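Data first, discussion second: the structure below is written as structure tokens.
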Amino acid sequence: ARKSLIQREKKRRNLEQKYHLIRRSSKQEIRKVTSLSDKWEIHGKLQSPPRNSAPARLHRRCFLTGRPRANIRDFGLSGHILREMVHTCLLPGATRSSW
Amino acid sequence: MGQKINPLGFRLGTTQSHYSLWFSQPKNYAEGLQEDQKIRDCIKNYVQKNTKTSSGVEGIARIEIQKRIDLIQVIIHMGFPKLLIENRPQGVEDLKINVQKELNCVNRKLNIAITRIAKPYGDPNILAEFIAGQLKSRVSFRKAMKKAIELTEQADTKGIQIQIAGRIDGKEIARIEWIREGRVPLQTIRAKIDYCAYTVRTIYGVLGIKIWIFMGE
Amino acid sequence: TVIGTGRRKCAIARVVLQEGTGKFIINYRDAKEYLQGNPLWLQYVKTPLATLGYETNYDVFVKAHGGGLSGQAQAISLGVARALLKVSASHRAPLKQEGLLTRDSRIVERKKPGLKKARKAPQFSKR
Amino acid sequence: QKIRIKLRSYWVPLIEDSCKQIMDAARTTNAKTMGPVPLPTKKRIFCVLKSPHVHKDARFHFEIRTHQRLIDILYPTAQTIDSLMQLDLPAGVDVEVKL
Amino acid sequence: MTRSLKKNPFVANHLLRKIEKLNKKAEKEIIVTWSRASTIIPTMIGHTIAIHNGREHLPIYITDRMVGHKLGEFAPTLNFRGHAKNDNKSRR
Amino acid sequence: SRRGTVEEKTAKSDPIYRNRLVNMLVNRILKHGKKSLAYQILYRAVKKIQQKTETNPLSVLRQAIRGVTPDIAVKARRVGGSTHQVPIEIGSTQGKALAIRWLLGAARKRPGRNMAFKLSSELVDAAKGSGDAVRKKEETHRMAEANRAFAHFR
RNA sequence: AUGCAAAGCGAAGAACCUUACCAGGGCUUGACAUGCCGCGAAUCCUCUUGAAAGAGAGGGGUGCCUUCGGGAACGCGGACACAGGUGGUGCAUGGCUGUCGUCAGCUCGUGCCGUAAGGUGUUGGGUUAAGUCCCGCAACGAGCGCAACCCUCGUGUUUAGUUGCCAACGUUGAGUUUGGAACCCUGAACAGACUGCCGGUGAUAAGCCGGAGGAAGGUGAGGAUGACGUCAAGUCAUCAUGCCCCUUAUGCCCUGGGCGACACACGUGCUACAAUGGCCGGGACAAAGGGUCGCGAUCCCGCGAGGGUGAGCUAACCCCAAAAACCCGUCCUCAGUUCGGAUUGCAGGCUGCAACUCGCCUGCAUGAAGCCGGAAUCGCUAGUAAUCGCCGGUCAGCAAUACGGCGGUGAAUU
């Protein structure tokens, strides 16, 4: 929700299109279990570069405020503000439901 | 607090349409809300510097955004089109590039047209910026609320209701003010009542106005 | 040939009556083959034919889809009862007396939020 | 039969009037068209909490009705391509052209 | 006891490199470590590895009976019943 | 009573023998919504009873439950401050319903073999005078007629 | 957050991250915003030390315009305003919520009553879910609420038929093909219950009790919708904002730890004490939804989780599932058990830098507590209780035990 916390996660999004764009397929060939008995340790051992880099370290956050919890993949917003948008008229096909 | 249902949220299925009516695939749907909310925050305020200038003086009524592929409609309903368009063709020119610099990726050819309203005392969005604008200049509150009731009744309406929350005239304890005239059917769907919500600045606290204008049945 | 719909819960079963021997064929299988392992609710399928006396004269073909085994069995019973109205309009009075023309409007619907099993309210701590 | 078009939107009186226009303007060109046959709607139902704190009850419901309908043209003629490509009338509908 | 082991046991680069530099002619036992997600490799025999738990570094001995362990299960996370120094009691 | 009048709630009758009052015995022995196996508890107790008795299975069912059917039971009503143990006379609609509740419990509170023998044993034990089923008819008569003075005669 | 309106409650998902907390190692106009100046394009591959944050240097490389003075995009460093705060106060507040309540009341205009504050109408007699309605009555009318209008479900009808269906007719039996739109389904519209009709009760009213006709009646079932207001009840850790305070700092970065620590207590759930049950084999039907850094069949391999190869579906054409009770036969046959699975050892799979603390799942073995449970106490009247499966959201992963959503079977009593 803070401009210091959203920024810390925006720096985790910038290296996703640098390290995980092309050189991720370089380690994805040997981290998995191959059908053959010869599985190399050399690349799984020297796997030191992804310190701050990880695809699982990414949290979606709200696009208006920025809180880590209750994020829906379709909208991208959190349950408090996602509500304020549909209670007005800011999203098409977000009417009242029965069942 | 313990109020009734939102008349803009209850009447979403029929009569009153959305402020944004489009379609997108669930892959690029999240980017569709981000691009439509960033421009709605830049057109309602519309100030590059740290001043209290444009958009809030003319009064914005409704912002309808319609898109298919690479083109947005962004048609803004204004009360006075003298401030947004010209003083000599420079006003709409800096608004055409401001929305273009934010939204890129694909060739986003944005066309912005302008339409007028019959009378500014019929729509709820001008009333939320007019009565809340009287709180900024520190005028008598209960006299400004009773004037907002009559100014809409003379503009041919069947009912009107206005109410704020706490922190009136610099009081320590939070109270509530309510004045109503005519009939405002809060429950029914065949009433087509429009809503708006606006916030005030104030050095002592913060206020929040709610507008309820009943048109036809 | 005479048509007849007949519904129960979410089970639809189109009944088409014709004159013949008397073998009941449900979804390309026999009446004793589809509803196997001697279910008691198989007797309710043959009840609208029992009160009028048409089982030994009329043959039937029916396609059942949806619902349960007990839900499909009451869908045939209403389907034949509505189909025994088109062959003769005089066979309405002794058949409507039992309540076979009438549809059972009972449905196991939606589970309401805040509660577990629709009506079942969550128990709080006592004093 | 050959060219298949998919019309997807949210509100029903908008698509039924737009798909009816691709029937009246497609029959006067050359070949016959198969009428507007609607396929089942994919209706979603999900809940979210209203109050920003401890109030697990009073949870709402949001509906996103994706009304889909199909219409097929038999033979793709030169005068049918000059009509459908220029007739860009959708205000909130999306047309997907498949072969 | 069986954890998340496939083929790669996962031993940190700052763990083995500092031990292979000490396995030249065998010298020095005391070594500081922060990573507790690392696995014990058979060349750690005789070397006293001081592992972090949040509070301080605890000097633990490594033998031949401890191969498939993580060094983190050796260092206590919190204070329960086990081996610890008797703290000076103040006022009740 | 005046506002909203409901007579009774009834389902489909007895399988092939045709009876609506005997269909309440299959509905009370009903465990968690299994009417398919509840049929195998009543109809197998009808198949195994014909060797123990002579006459029809509908007759021995009615001639035995008359010794389990009560005439008067106690209800808790308060008036003036003290809780009175006033006995109200039970009719034929509630009396036939109370007879199958104590024959249900007596069958389950006897862990011998299967429920096909447990229900068949308590069916003939009501005719001679044995079991927990017939004991509850004489036990409710100990609570009643002893507090006869709290209720006046018709 | 904590009487009810706290207690799988906010976090629909905490191994790193998230996190805000602790310890340690570091930076300060400073991670992030604008403005001024200098060197400069910006970047890629970088090598060394170190836990990392970082710091020292290496080459490779330098687009677009101008009277080339200069600039935009961006970077390091420097100066100053500031930037920054999930720091305190929601008894300073906006917005939003629970709660009594879906209870049904809360008010007004005119006219009367009383000196007046106020009252009358919103009382009374009956009647309904309901100041709902009828009658009486200085009350006469009206407004908000109730109802209805909106969304699904239950009947039919009209229109249109693919990835749907398919009676009649030619069948590679698999709608499979031509073909047919009848039926099912599907998607928009239309018709219909309005006590309306008959009778009885009742004050020849209302309304209630039954009946007729009907798929459906007496607000059809069930949602949404919950007034004036009560608790200065909850939230300034969503956001916003007043005030106050910190501002080489309760600001910022990183590594490891913590939140899923314990002698205990309480709440809410799940799995059992069986045999209307368990187990083995065979075997009949569902609805509703999900999915392109995805759903993933077929085949091969492994006891298994799963892995290799890889088609199709961007989707009622493909996949996620082969739904479970139930059912036939057989076995057991009530001994803490061919009930129950807690716990434990050993050996693996999978997701991710990475999972010892902290994971899910598989395989093998071990296999207790427990025989329905005190005082006290909870929910539910129909397709509800009870019970049996499945799907979704969150999400790399914490798949039937949390929440949300779907259907199968199907009562009791008033």
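Cβ atoms come from the backbone with ideal geometry, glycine included; neighbour counts cover every protein chain shown. Since every read-out is calculated from the coordinates, none of them should be taken as a lab result.
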- Least to most buried among C:46, C:9 (fewest other Cβ within 10 Å first): C:46, C:9
- Does segment B:1-91 classify as rounded, prolate or oblate by the C-alpha gyration tensor (a ≥ b ≥ c root eigenvalues; a/c under 1.5 gives rounded; else a/b over b/c gives prolate, otherwise oblate)? oblate
- Note on the structure: Checked chain A against the a/c 1.5 cut and the a/b vs b/c comparison, axes a ≥ b ≥ c from its Cα gyration tensor; verdict prolate
- Message: Which of the three applies to segment E:1-85, rounded, prolate or oblate, going by the alpha-carbon gyration tensor with a ≥ b ≥ c and a/c under 1.5 meaning rounded?
- Response: oblate
- Query: Averaged over A:51-63, how many beta carbons belonging to a partner chain fall within 10 Å of each residue's beta carbon?
  - Reply: 1
- Considering amide H positions built from the backbone, and no H for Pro or chain starts, which residues 5 or more places from residue E:39, or on another chain, come under 5 Å of its amide H? E:11, E:12
- Query: Short version: ³J(HN,Hα) in whole Hz for each residue of segment D:44-52, in order, from phi by Karplus 6.51 cos²θ - 1.76 cosθ + 1.60 (θ = phi - 60°), x for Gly and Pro, what are they?
  - Reply: 9, 9, 9, 10, 8, 6, 7, 6, x
- At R0 = 51 Å the Cβ-Cβ FRET efficiency linking residue C:1 and residue C:125, nearest 0.05, sits at 0.20
- Message: So for each of C:77-85, C:102-110, D:4-12 I average, over its residues, the number of other beta carbons within 10 Å; can you give me the resulting order with the highest mean first?
- Response: C:77-85, D:4-12, C:102-110
- Message: Counting only helical runs of four or more DSSP H residues, what would the 222 nm mean residue ellipticity of chain D come to if each run contributes -39,500 (n - 2.57) and the total is spread over all its residues?
- Response: -4000 deg cm²/dmol
- Dipole magnitude of chain C about its Cα centre, charges +1 at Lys/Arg Cβ and -1 at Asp/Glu Cβ only, in debye to the nearest 20? 1360
- Per-residue HN-Hα couplings for segment D:29-36 [Karplus 6.51, -1.76, 1.60; θ = phi - 60°; Hz; x = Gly/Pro]: 7, 7, 6, 7, 10, 7, x, x
- Message: So for each of C:116-125, E:7-16, B:136-145 I average, over its residues, the number of other beta carbons within 10 Å; can you give me the resulting order with the highest mean first?
- Response: E:7-16, B:136-145, C:116-125
- ³J(HN,Hα), Karplus 6.51/-1.76/1.60, whole Hz, each residue of segment B:42-53, x for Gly, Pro: 9, 9, 6, 8, 6, 8, 7, 8, 9, 10, 9, 9
- Query: How large is the dipole of chain A about the Cα centre if only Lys and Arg carry +1 and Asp and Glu carry -1, each at its Cβ, rounded to the nearest 20 debye?
  - Reply: 440
- Label-point separation, residue B:98 to residue A:36 (7 Å along Cα→Cβ), nm: 6.3
- Note on the structure: Kirkwood-based Rg/Rh on the Cα set of the protein assembly as shown evaluates to 1.07
- Query: Where a Cα-Cα gap under 28 Å defines reach, which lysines qualify for residue E:28, not counting those fewer than 8 residues away within the same chain?
  - Reply: A:45, E:18, E:70, E:85
- Item | Per-pair calculated FRET efficiency, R0 = 25 Å: residue C:51 and residue C:25 via Cβ, rounded to 0.05 | 0.70
- Query: Assuming a viscosity of 0.692 mPa s and a temperature of 37 °C, what translational diffusion coefficient in µm² per second does Stokes-Einstein assign to segment B:156-209, Rh being the Kirkwood radius over Cα pairs?
  - Reply: 246
- Alpha carbon Rg of chain D, scaled by the compact-globule rule 2.2 N^0.38 Å: 1.50
- Message: Given the options D:99, D:23, D:52, identify the residue whose Cα lies farthest towards the positive end of the charge dipole of chain D (+1 on Cβ of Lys, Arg; -1 on Cβ of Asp, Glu).
- Response: D:52
- Query: Hey, got the average number of other protein chain Cβ atoms within 10 angstrom for residues in B:14-21?
  - Reply: 5
- Item | Relative contact order (%) - criterion: Cα under 8 Å, at least six apart; region: segment B:17-118 | 26
- Query: Using alpha carbons only, how many degrees (0 to 90, rounded to 10) separate the axis of helix F:115-128 from the longest principal axis of chain F?
  - Reply: 60
- State, to one decimal in nm, how far the label point of residue A:74 lies from the label point of residue F:37, with both points 7 Å from Cα in the Cβ direction. 4.0
- Can you tell me the FRET efficiency between residue E:25 and residue E:66 if r is taken as the Cβ-Cβ distance and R0 is 22 Å, rounded to the nearest 0.05? 0.35
- Towards the positive end of the charge dipole of the protein assembly as shown, with charges on Cβ (+1 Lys, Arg; -1 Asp, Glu), say which of D:68, C:107, F:68 has the farthest Cα. F:68
- Query: Just how far, in whole angstrom, is segment C:100-116 from segment A:20-49 if you go by their alpha carbon centroids?
  - Reply: 56
- Message: Only four residue types carry charge here, +1 at the Cβ of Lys and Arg and -1 at the Cβ of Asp and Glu. Report the dipole size of the protein assembly as shown about the Cα centre in Debye, rounded to the nearest 20.
- Response: 3160
- Could you list which residues have their amide H under 5 Å from that of residue E:51, counting only those 5 or more apart in sequence or on another chain, with H placed in the peptide plane? E:58, E:60
- Item | DSSP-defined antiparallel bridges as percent of all bridges, the protein assembly as shown, nearest 5 | 85
- Given H placed 1.01 Å from N in the peptide plane, which residues other than close sequence neighbours of residue D:7 have an amide H under 5 Å from its amide H? D:69
- Item | Principal axes of chain B: Cα extent on each, largest first, Å | 52, 40, 32
- Tilt relative to chain C, helix C:69-83 - C-alpha long axis, 0 to 90 degrees, to 10: 40
